[PDB]
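Sequence isn't available, so here's the structure alone:
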């Protein structure tokens, strides 16, 4: 797995992570990408999408496995423990999921990155997030609960 | 020398033909593009 922080002013401001099929960088924030191999790659950002085009030589291509439909409620391994929910983002503990750690992938226990967080700072006594994943049939759609800011 | 109007009413059949052609072509292309814009947009509006 290659999940890389983004270098801004010599400190971490983002967190770039490569995914199956295409290499991914969260283009919501800026900062020089730490990896030198990615340091010479053109940027392809859409109006609302903040994703890097996949231009890694196909030796290390598809570092991960993408995620299909049929979301279970079960455990998804997160950087800070497992997450367990199905209707929307898991009720992450308070304090966790704040700010400054943009671009963190949530993966299945089977190695299938279910979604990519793009904010969702607080959602009450619990907290869900604003993320993007396949819609129902494999459509890269973002869902943003109200009160969502990059985390 | 004698009573005539000359009120820009000399646009001939070919003249009117060409003018309506060019106006219609411009209108058609711009309206088609406008339609295509929202055609693209509604897909994304449906993706969620």
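Great, that's in hand. Residues are numbered from 1 along each chain as shown, chains lettered A, B, ... in the order given.

Residue A:6: helix or strand, and which one exactly?
Counting by DSSP states H and E, the element that carries residue A:6 is strand A:3-8.

And the helices in the chain, which stretches?
You didn't say which chain, so I picked chain A. For chain A, no helices turn up when DSSP state H is the criterion.

switch to chain B, that's the one I care about
Using DSSP H, helices in chain B cover B:13-47.

who's in contact with the residue lying closest to residue A:56 once chain neighbours are set aside?
Using Cβ to Cβ, 6 or more residues apart in numbering or on different chains and skipping the chain neighbours, the partner closest in space to residue A:56 is residue A:23 (4.8 Å). Using the backbone N, CA and C atoms, a C-beta is placed for each residue, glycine as well. For residue A:23, the contacting residues are A:38, A:41, A:52-56, A:63, by Cβ atoms under 8 Å, 6 or more residues apart in numbering or on different chains.

Same question for residue A:55.
Applying Cβ under 8 Å, 6+ apart, the residues contacting residue A:55 are A:23, A:41-42.

Looking at the residues you listed, which is nearest residue A:135?
Taking Cβ to Cβ as the measure, residue A:135 lies nearest residue A:23 of the contacts of residue A:55, at 22.2 Å.

Pull up the gap between that closest one and residue A:131, please.
19 Å (Cβ to Cβ, to the nearest Å).

tell me what the strand holding residue A:6 is packed against?
strand A:11-17, strand A:32-33 (3 or more Cβ pairs under 8 Å, 6 or more residues apart in numbering or on different chains; DSSP states H and E).

which stretch among these comes nearest residue A:120?
That would be, of the helices and strands packed on strand A:3-8 and by Cβ to Cβ, strand A:11-17, which comes in at 15.1 Å.

Could you name the helices and strands sitting against the closest one?
Against strand A:11-17 (3+ Cβ pairs under 8 Å, 6+ apart) you get strand A:3-8.

please redo it, this time with the cut-off set to 10 Å
strand A:3-8, strand A:32-33, strand A:105-107, strand A:113-117 (3 or more Cβ pairs under 10 Å, 6 or more residues apart in numbering or on different chains; DSSP states H and E).

If we go by neighbour counts, what in it is buried?
A:12-17 (16 or more other Cβ atoms under 10 Å in any protein chain shown).

could the helices and strands packed on strand A:3-8 be laid out in JSON lines, adding distance to residue A:123?
Shown next, in JSON lines, are these (distance: least, Cβ to Cβ, whole Å):
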{"stretch": "strand A:11-17", "distance to residue A:123": "21"}
{"stretch": "strand A:32-33", "distance to residue A:123": "30"}
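
what's the closest of these to residue B:39?
Among these, strand A:11-17 sits nearest to residue B:39 (Cβ to Cβ), with 33.8 Å.
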